[PDB]
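S.K.: output the structure for:
(12 chains)
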Amino acid sequence: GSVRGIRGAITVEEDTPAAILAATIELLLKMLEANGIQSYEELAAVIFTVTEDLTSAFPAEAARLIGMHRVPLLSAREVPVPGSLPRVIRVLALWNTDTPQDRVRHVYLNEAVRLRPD
Amino acid sequence: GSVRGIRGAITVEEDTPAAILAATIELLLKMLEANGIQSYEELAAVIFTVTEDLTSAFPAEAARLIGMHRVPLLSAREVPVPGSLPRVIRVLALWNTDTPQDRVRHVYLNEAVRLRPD
Amino acid sequence: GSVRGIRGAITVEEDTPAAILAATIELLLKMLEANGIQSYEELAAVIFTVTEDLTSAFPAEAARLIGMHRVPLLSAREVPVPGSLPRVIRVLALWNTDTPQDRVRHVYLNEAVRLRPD
Amino acid sequence: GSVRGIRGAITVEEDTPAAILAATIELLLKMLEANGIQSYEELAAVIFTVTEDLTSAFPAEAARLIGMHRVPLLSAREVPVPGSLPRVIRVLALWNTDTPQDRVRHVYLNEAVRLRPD
Amino acid sequence: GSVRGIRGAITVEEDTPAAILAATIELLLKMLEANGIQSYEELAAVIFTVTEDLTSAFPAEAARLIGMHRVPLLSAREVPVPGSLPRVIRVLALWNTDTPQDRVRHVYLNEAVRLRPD
Amino acid sequence: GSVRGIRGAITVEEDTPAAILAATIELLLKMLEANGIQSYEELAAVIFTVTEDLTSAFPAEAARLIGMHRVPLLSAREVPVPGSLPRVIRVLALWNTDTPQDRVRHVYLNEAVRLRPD
Amino acid sequence: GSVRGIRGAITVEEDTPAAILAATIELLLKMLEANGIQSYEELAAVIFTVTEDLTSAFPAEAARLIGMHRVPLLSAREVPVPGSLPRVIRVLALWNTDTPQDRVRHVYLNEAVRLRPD
Amino acid sequence: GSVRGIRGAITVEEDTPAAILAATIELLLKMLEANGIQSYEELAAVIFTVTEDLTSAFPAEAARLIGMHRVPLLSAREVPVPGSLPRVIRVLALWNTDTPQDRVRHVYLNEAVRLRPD
Amino acid sequence: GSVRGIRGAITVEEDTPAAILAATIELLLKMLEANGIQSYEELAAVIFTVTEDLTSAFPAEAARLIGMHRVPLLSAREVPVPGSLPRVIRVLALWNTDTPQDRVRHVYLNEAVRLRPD
Amino acid sequence: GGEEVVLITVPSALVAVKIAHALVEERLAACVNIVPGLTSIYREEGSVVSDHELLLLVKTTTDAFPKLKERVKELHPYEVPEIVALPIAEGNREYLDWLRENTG
Amino acid sequence: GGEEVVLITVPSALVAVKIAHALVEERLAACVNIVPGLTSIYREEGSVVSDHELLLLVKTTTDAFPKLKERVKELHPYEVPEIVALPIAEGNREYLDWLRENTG
Amino acid sequence: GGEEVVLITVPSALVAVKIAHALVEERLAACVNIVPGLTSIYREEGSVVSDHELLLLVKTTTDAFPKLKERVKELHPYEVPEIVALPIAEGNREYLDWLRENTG
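M.R.: Numbering: from 1, shown residues only, chains lettered A, B, ... in the order given. For reference, the structure is listed below:
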């Protein structure tokens, strides 16, 4: 096996802990479904980043609501480039798979679709 | 082999370079001991993050005091969620092992024990 | 195969989008050349970080100018330690190789050479 | 005759005096052409407003480059509602015409088209 | 016909978009009823101003909820004179009527009654 | 009849309520005298704007000291363009007259004369 | 011989290093020409001061472009009195001459002429 | 002859232009009287400095009220060391005399007496 | 005799009163030794300037620890040009000597050597 | 072909826009680029002085140049405007056809 | 000698860098200078409009120009890219030799 | 007429001013415009690298060019300064007369 990163992003409308957690769950589960991941045992790590305007909650907490208790979770704050899409939660997961790079699916939700690399 | 992240965290009482470096060493060595790592050759990379209140030193510098000269070291600043534990240094190491996900030990020191995922 | 991180850094003289993008390209291409990487298929992920004084552009955008369309790209903001080298772009790439840790070359450009771990 | 307001808006990419003046001219002339105004004698007044991020020049100055020397010109700063379109110059002209309200054309240029009342 | 301005004002208790929009509607409709205006065709323009403490919404948006789609709408921010009544929305409408100046009714609602010119 | 705007401006030396009110009176009366206005019945509305450095009083209050009780009065804050003339009070009056545009006189007092469109 | 100070001042339009250096050269050379100084050997010292709005360069650097390598150069920041002329570079040179006080010429350039003690 | 500096200082109770100018005059005249200076022809230059809390006027202006029209006058802002005496105006004059260093008198007025080097 | 300025500079690592005073003494004594000054009677004046980051003490106080009780001492704050050497204490002394300009030695200590005019 | 790039130096944004707009509007130019923020060192009278200035790059043709010179002199606040034309050796054919279509 | 300076006008930093990098990397240019912050007034369709733009100054040669034009058309997001070459009359000999060595 | 515009690329404001001042002061140029803020992508050794740079536009004449080249080489901190002259096809007559009066 090798390692492939999986990326995705979701936006929220407000900095409310419930919204952050709910959005984080939606994104994490969608990423895992897209790539057929039925177990968290395949994840080496997950890194979450957020924009400067979301400070009421940590997305990493949502990960433990869906059972990723043993997956290392790290988070960081993003660079505030003017003109960027506001209120964005981004996730990079490191997946221990044999899937080719071009067969890994990435997930962009809500307004994050505009930043999809297509 | 595959890749497993190793996590840990430590807190300090003040933003003093000596405290940061000393704490970083304690945490890194403890993580490596916990998982039986006798060589830095097994580490793909180490990512350090800190809270917004620790700016007097870079934890990555401590890593070179214990000889991790060839281990890629990256660092980033954490999201300032109100109510979070202050003065926290967190580390994610990426370990090139064949160890199962649930056999990787994580290390939480000082007041960081309250944030341990147990 | 296993995973080895590749590190490098470059500095710029001003926070101008063109300078950021140009510098990012120079650094990414130099890292890849140094390690003989002829394809982006070998990269699990790339993480970019920048100092607090570079906010006009995202280095990750440069990566798509050189064709890294399928490489997961994540970015974060660095810890503002006083006395640090200003205007620095740092990159950590995760490379799915069988190259020994001590055979991976790292790249430091412009004023970033002063922070090279030598 | 009666009075009908004429509205329009234009956006600029940066707060550069040349851009502001050039954009203001484009918008004013386009408004006048749209409504068939061949003389400034028909304008009772023109009111310009700008967003909080455009402070390098006064749009009213542009009006005198196109000869509106005798048209009363007033300007004001807009309410900074979060999420609003940035760098917007808006103009309200008061036209002494007999044109029905629904026969007055309004002009939205560049990114201001998204805020057109259609 | 000639032109007469119509003035009114309303206060709100909090900077909540719903409150702003609801208050704006109440005020606009009341102004129009007070003066017997059965059609928006008689309005040359409407200018809205708000105090510095109301930034969550634009009062002009409310105007389109009551159908003033063709009425030119402009808005601006008020001068923050200390001691002034907080959270105030003020409206000036320009009405193409033959009504004498002293027969035009003005509307002051909620706490704005204290600033009525009587 | 039709509508013609009347413009004028005056500067003050300090942000003292008495100075603002006194200056406002001087300017309003001078504008009305210049254009031969013997009655406030001819004014559709008056709009006052001030620079960012005058916050101790509202110019509109002065208008009621000279009896403009039935004239709609609106006020707004000006755009802080660097290099602009400080402490300026500007007035736009909308006059329901049959006077040609080029026969309407405008008034610039004190240091505001430097900004007269001549 | 005795000591006479020589004063002068110049303004710039923007805080651009090139403008500062160019302006500084113009002023220094003009001061020296005005007083017939053919050598820097006669200067005991030169003190430069600038207003609070010029921070992109040190005027003292310009002095070494015109060869004043051995002239002691000191610089300081000026008192920000409101209403003062913006973007001003002032120079005091101490000249070891036998020239009477009233035969020493002072130089004021660009907008600094308005502050000349005449 | 040679050059001797003359120092003195005075404090004021408030940042009022009249107080600054009056205090500056008192200090300058007292310094000159103390040292027997009957003419300004003997002064090479005068340097004024003020604390960070006096910004309403330039002490140098006072110098021209007492006739020092040909004396080069330079001014600068002082270092805000916590605990320092507030509202202090300090003057250094450079006097072209043959007076021994220990025969030059210095003047400290009002609360500045506490900082006299005795 | 004539007047020659003497310059020098020293840096400190932190804004600690003891460090400032100690550094100031080292620099002043070194300047005097370099130029053979055995007495303070030859100094017309000394002017100290510091960067914006040193506010815990006045360098002038150090001068009285080495006995310069009768030497006029003035101090000022430096212009904060970005990229400048931090924590710098600079001194200009005015020396009543017959020494040629090119025989006066200047002193640069610690990191200030990088700014020496050589 | 006769296509040219004219460099006009102007003292301020108002002048830069006023001229640039007039030349394009009147078809003396197809396109004008304004480059802000210049520092200008030049000889004036007996010495060397500095100024600010902006630079206009005007994409025009040689046959319209005589008209351009007169129009710029009328608008530009100097006794001696700085107007110089640099020739175009070659270029994108569609672009050059475009300049001619929009000039004159 | 045939050395030329090509002016290419681009809408954004991403385009400016993408093109500049491609031309140098592919040896269609030895050096590209990017001048940011332009204001562009030009005739479009039936009127005069403004845009932002950046300017690229490409130091190349005439023989590589045909290739440059095609490569720029492929990368530049316009129907009609603005690509014009101004000739070099003379220059630093070592520099000009350098441009030729690095171009083609 | 022989009037020319010389493009000189410099690494910093100190160099830009030092050269611009020297050329005008010494009458090797009548006017120098400094355009700040460039981004430079160029081939160096075996790869493509970037730098900052400023651009000087020097209004001079061909006969003074040989002197200019030598003076710039003396002041400019490079083995190979980038100095290229673009010809002036035509221009404001008074301006061109002025350049000649002030050059040489």
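S.K.: tell me the contacts of the most centrally placed residue in chain A?
M.R.: Geometric centre of chain A, nearest residue: residue A:91, 2.5 Å, by C-alpha atoms, centre = their mean. The contact partners of residue A:91, by C-beta atoms under 8 Å, 6 or more residues apart in numbering or on different chains, come to A:6-9, A:24, A:27-28, A:31, A:46-49, A:59. C-beta coordinates here come from the backbone N, C-alpha and C atoms, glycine included.
S.K.: beta partners for it?
M.R.: Residues in a beta bridge with residue A:91, per DSSP bridges, are residue A:8, residue A:48.
S.K.: distance check, it against residue A:58.
M.R.: 13 Å (C-beta to C-beta, to the nearest Å).
S.K.: need the residues touching each of these two.
M.R.: residue A:48.
S.K.: residue numbers of chain A in contact with chain B?
M.R.: A:1, A:3, A:40-41, A:43-45, A:47, A:50, A:54-58, A:64, A:69-77, A:94, A:96 (C-beta under 8 Å from any C-beta of the partner chain).
S.K.: packing partners for the helix ranked longest in chain J?
M.R.: Identified as the longest helix of chain J according to DSSP state H is helix J:13-25. Contact analysis of helix J:13-25 by 3 or more C-beta pairs under 8 Å, 6 or more residues apart in numbering or on different chains; DSSP states H and E lists helix D:17-34, strand J:3-10, strand J:31-35, strand J:54-61, helix J:65-75, strand K:39-44, strand K:47-51 as its packing neighbours.
S.K.: between those, which gets nearest to chain C?
M.R.: strand J:31-35 (14.9 Å; C-beta to the nearest C-beta).
S.K.: what are the pairing partners of the closest one, and which direction each?
M.R.: Checking strand J:31-35 against DSSP bridges gives partners strand J:54-61 (antiparallel), strand K:39-44 (antiparallel).
S.K.: which of these is buried the deepest?
M.R.: strand J:54-61 (a mean of 24; mean count of other C-beta atoms under 10 Å in any protein chain shown).
S.K.: and residue A:4, its phi and psi?
M.R.: phi -130, psi 130 (degrees, to the nearest 10).
S.K.: what is the neighbour count of it?
M.R.: Residue A:4 has 27 neighbours, counted by other C-beta atoms under 10 Å in any protein chain shown.
S.K.: ok, now residue A:40?
M.R.: 17.
S.K.: related to what we said a few turns ago, can I get the CA coordinates of the longest helix of chain J in CSV?
M.R.: Taking only C-alpha atoms (Å, rounded to 0.1, in the frame of the first residue of the first chain), the coordinates of helix J:13-25 have been written out as CSV:
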residue,chain,number,x,y,z
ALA,J,13,-4.4,60.3,-11.8
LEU,J,14,-6.9,63.0,-12.9
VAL,J,15,-4.7,63.9,-15.8
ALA,J,16,-4.0,60.3,-16.6
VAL,J,17,-7.6,59.4,-16.8
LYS,J,18,-8.7,62.6,-18.5
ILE,J,19,-6.2,62.1,-21.3
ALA,J,20,-6.6,58.4,-21.6
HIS,J,21,-10.3,58.7,-21.8
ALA,J,22,-10.2,61.4,-24.3
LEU,J,23,-7.8,59.6,-26.6
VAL,J,24,-9.8,56.4,-26.6
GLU,J,25,-13.2,58.1,-26.8
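S.K.: got a list of contacts for it?
M.R.: D:16-18, D:21-22, D:25, D:57, D:61-62, D:65-66, J:8, J:10, J:28-32, J:34, J:36, J:54, J:56, J:58, J:60, J:68, J:71-72, J:75-77, K:39, K:41-43, K:48.
S.K.: report the angle between that helix and helix J:65-75.
M.R.: Taking axes from the mean of the first three to the mean of the last three C-alpha atoms, to 10 degrees, one finds that helix J:13-25 is oriented at 150 degrees with respect to helix J:65-75.
S.K.: can you tell me which of the contacts of helix J:13-25 are buried?
M.R.: D:16-18, D:21-22, D:25, D:57, D:61-62, D:65-66, J:8, J:10, J:28-32, J:34, J:36, J:54, J:56, J:58, J:60, J:68, J:71-72, J:76, K:39, K:41-43, K:48 (16 or more other C-beta atoms under 10 Å in any protein chain shown).
S.K.: what about the residue in chain A that chain C sits nearest to, which SS state?
M.R.: Using C-beta to the nearest C-beta, the closest approach of chain A to chain C is made by residue A:5 at 3.3 Å. Under DSSP: H, G, I helix; E, B strand; the rest coil, residue A:5 falls in the strand class.
S.K.: and for chain J, the residue most distant from the center?
M.R.: residue J:46 (27.2 Å).
S.K.: show me what contacts that one?
M.R.: Applying C-beta under 8 Å, 6+ apart, no residues contact residue J:46.
S.K.: phi, psi for it please.
M.R.: phi -100, psi 10.
S.K.: the nearest residue to residue A:102 once chain neighbours are set aside and chain L: what is the separation?
M.R.: Nearest-residue entry for residue A:102: residue C:70, 5.6 Å, with adjacent residues in sequence omitted and distances by C-beta to C-beta, 6 or more residues apart in numbering or on different chains. According to C-beta to the nearest C-beta, to the nearest Å, residue C:70 stands 23 Å off from chain L.
S.K.: secondary structure element for residue C:70, which one?
M.R.: Per DSSP states H and E, residue C:70 falls between elements, in no helix or strand.
S.K.: hmm, it is touching residue A:100, no?
M.R.: No: the pair residue C:70 / residue A:100 is not scored as a contact, 9.6 Å apart, by C-beta atoms under 8 Å.
S.K.: so residue 85, which of the three states?
M.R.: Answering for chain A, as no chain was given. Residue A:85 - assigned by three-state DSSP - is coil.
S.K.: that's the wrong chain, I wanted chain J
M.R.: strand.
S.K.: now do the contacts for residue A:53.
M.R.: A:15, A:86, A:87.
S.K.: give me the number of residues near the second one?
M.R.: The reference is to residue A:86. The number of residues near residue A:86, taken as other C-beta under 10 Å, comes to 16.
S.K.: what's the neighbour count on whatever residue of chain A ends up closest to chain G?
M.R.: Nearest residue of chain A to chain G, counting by C-beta to the nearest C-beta: residue A:82, 21.1 Å away. Neighbours of residue A:82 under the rule other C-beta under 10 Å: 9.
S.K.: which residues touch it?
M.R.: Residue A:82 touches C:55, C:56, counting by C-beta under 8 Å, 6+ apart.
S.K.: on that earlier part again, got the strands paired with strand J:31-35 as JSON lines, with distance to residue F:116 columns?
M.R.: Shown next, in JSON lines, are these (distance: least, C-beta to C-beta, whole Å):
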{"stretch": "strand J:54-61", "distance to residue F:116": "26"}
{"stretch": "strand K:39-44", "distance to residue F:116": "28"}
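S.K.: which one, of the ones you listed, ends up nearest to residue L:3?
M.R.: Taking C-beta to C-beta, strand J:54-61 is the member of those nearest to residue L:3, at 17.0 Å.
S.K.: pull the CA atoms of that closest one into CSV?
M.R.: This file holds the C-alpha atoms of strand J:54-61, laid out as CSV (Å, rounded to 0.1, in the frame of the first residue of the first chain):
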residue,chain,number,x,y,z
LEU,J,54,2.3,58.2,-14.0
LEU,J,55,3.0,56.7,-17.3
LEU,J,56,0.5,56.2,-20.1
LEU,J,57,1.1,53.6,-22.8
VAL,J,58,-1.0,54.5,-25.8
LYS,J,59,-1.6,52.0,-28.5
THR,J,60,-2.3,54.0,-31.6
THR,J,61,-1.0,54.4,-35.1
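S.K.: for residue K:30, see how far away the nearest residue to residue A:104 once chain neighbours are set aside is.
M.R.: The spatial neighbour of residue A:104 that comes closest, neighbours along the chain excluded (C-beta to C-beta, 6+ apart), is residue A:4 at 5.0 Å. Applying C-beta to C-beta, the value for residue A:4 to residue K:30 is 39 Å.
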